[PDB]
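For reference, the chain that follows is the form deposited in one PDB entry, supplied as structure tokens.
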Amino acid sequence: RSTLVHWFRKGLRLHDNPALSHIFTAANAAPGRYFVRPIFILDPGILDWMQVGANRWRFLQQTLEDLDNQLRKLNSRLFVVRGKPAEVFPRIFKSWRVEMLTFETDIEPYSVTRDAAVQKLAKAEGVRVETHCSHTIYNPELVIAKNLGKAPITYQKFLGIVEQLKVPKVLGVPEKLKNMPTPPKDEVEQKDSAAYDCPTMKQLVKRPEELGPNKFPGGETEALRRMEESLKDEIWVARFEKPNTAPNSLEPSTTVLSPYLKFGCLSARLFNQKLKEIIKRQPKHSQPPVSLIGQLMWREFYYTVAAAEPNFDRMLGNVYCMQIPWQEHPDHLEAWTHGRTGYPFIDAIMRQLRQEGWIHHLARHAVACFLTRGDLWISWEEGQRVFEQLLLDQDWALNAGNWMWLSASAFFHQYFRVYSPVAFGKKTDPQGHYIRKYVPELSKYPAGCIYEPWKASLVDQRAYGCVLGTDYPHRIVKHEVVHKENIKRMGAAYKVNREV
């Protein structure tokens, strides 16, 4: 008896999962011949390549637990294998007598390298590998081909391409396993009945004092519930305009499906199909790019450009990226990282980010403009790295693409438009309720200066019980000075890159 193995990495879901579905149908169309091992590999190697913060570790823990629970309902289970894939797969290929391996493809460079090696091993041992592109709606390889070998570098051009492509068939959940025994314990399982169980919170989360509020539980079950909750107001969905949603409402102004899509707890193909059903129903609706479907297409766009460039997450060697002489300022980077800039709106966002692991799109705009071309003149690569640690939705291509946009390094070139760290949040939150919540030390400042506490006299600062320089920092830069200097720096960068 040989085993069929599905390998979860992303695609942490049962629904709309062709790679996992195929494994399950095969076992049921040939009972008695196959064992089924759906595995996730706790790969130590990823930690040398990316930073994971406490909150995102908790999201994965909750996700793996839900995926185990969901598989049990199909008379299977999740097998979480500790160790490096390069060492893990030669062993299990033999100890399990693996006939077929399936997994959802990914475009990240670490994923490509790792998968190429695993496919070289599987070819050696006579293991059949079947891979499926289901993490994105469209296959970036097919988009690039249809555009004659180059990723479209504007959104509109991208949309004109994918409109001519076939939308994939969205699958349901696999059928339960008919009369399948629990595979026999292997070398590892015999010396430890729990060697493959889902990791506890204590095993994944080493810095539990950094966990924030548990607001967005991981797992396919929660993703599907939140998706259904979001689609309940069909008018809100159909008439959604991303630029008009507030960055500083106390409750999120968008779906917060991003962590779920990032891990594949939610199929973006399923979500796209649910959105198209509502739009068909609602004749007055918004259109890309501002619509909710447009938001899914931004994800597809950044995946397509990123698939073409292995250096997508850095400035050097990145075909898309303007070469800009970013400066090193450790003390300013530290203040931004920890929300101690002295600009209450910026600091509020970075504290929401650290505590909760999600901030609104235009909140990301605000703090990203501030760190880079706006105020501090620090590389977007430094902001990407903080975002990588703290975001639940941390996504290699999306973090990089948007950081390049926000820094005027690619895709976006109107760098003379600069967000004010004082005025920007006032439009949607004139009272500063958001600031009061996430910078509570300012909670007694009135609306007239809560965005600009340095406009309060010392006497008043003492009255509000928050003296700048003691209880809340002084501004680390003066926006009105630096952003003008930085516009001139950007123009000189643009000239140098234009001449080369």
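For clarity, a rigid core is taken as the largest C-alpha set superposing within 1.5 Å between two forms. Numbering starts at 1 and follows the sequence shown. Only residues modelled in both forms are compared.
Averaged over Cα atoms, the B-factor as recorded in the entry is higher for 23-31 than for the other of 23-31 and 438-446. Checked against the record, the higher mean CA B factor of 373-381 and 177-185 lies with 177-185. Of the candidates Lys206, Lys242, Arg364, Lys426, the one whose C-alpha carries the top B factor in the deposited record is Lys206. In this entry, the residue among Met227, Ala306, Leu250, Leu101 with the greatest C-alpha B factor is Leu101. For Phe79, the recorded CA B-factor ranks within the highest third of the chain. Only modelled residues enter the ranking. Among all modelled residues in this chain, the alpha-carbon of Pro152 has a temperature factor (C-alpha) in the middle third.
Ranked by Cα temperature factor within the chain, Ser95 sits in the highest third according to the deposited record. The entry lists a Cα temperature factor for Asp233 that places it in the lowest third of the chain's modelled residues. Annotation for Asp331: CA B-factor lies in the middle third of the chain's modelled residues.
Form deposited in another entry: not shown, discussed below.
Just one of the listed positions, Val467, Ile46, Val52, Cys449, moves its Cα by at least 2 Å between this form and the one not shown when the rigid core is held fixed, and it is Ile46.
Distance between the C-alpha atoms of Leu47 and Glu209: shorter by at least 3 Å in that other deposited form than in the displayed form. Here's the thing about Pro44 and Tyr110: their CA atoms end up at least 3 Å farther apart in that other deposited form than they are in this form.
43-50 is the only run of at least 3 consecutive shared residues whose C-alphas each shift by 2 Å or more between this form and the one not shown once the core is superposed.
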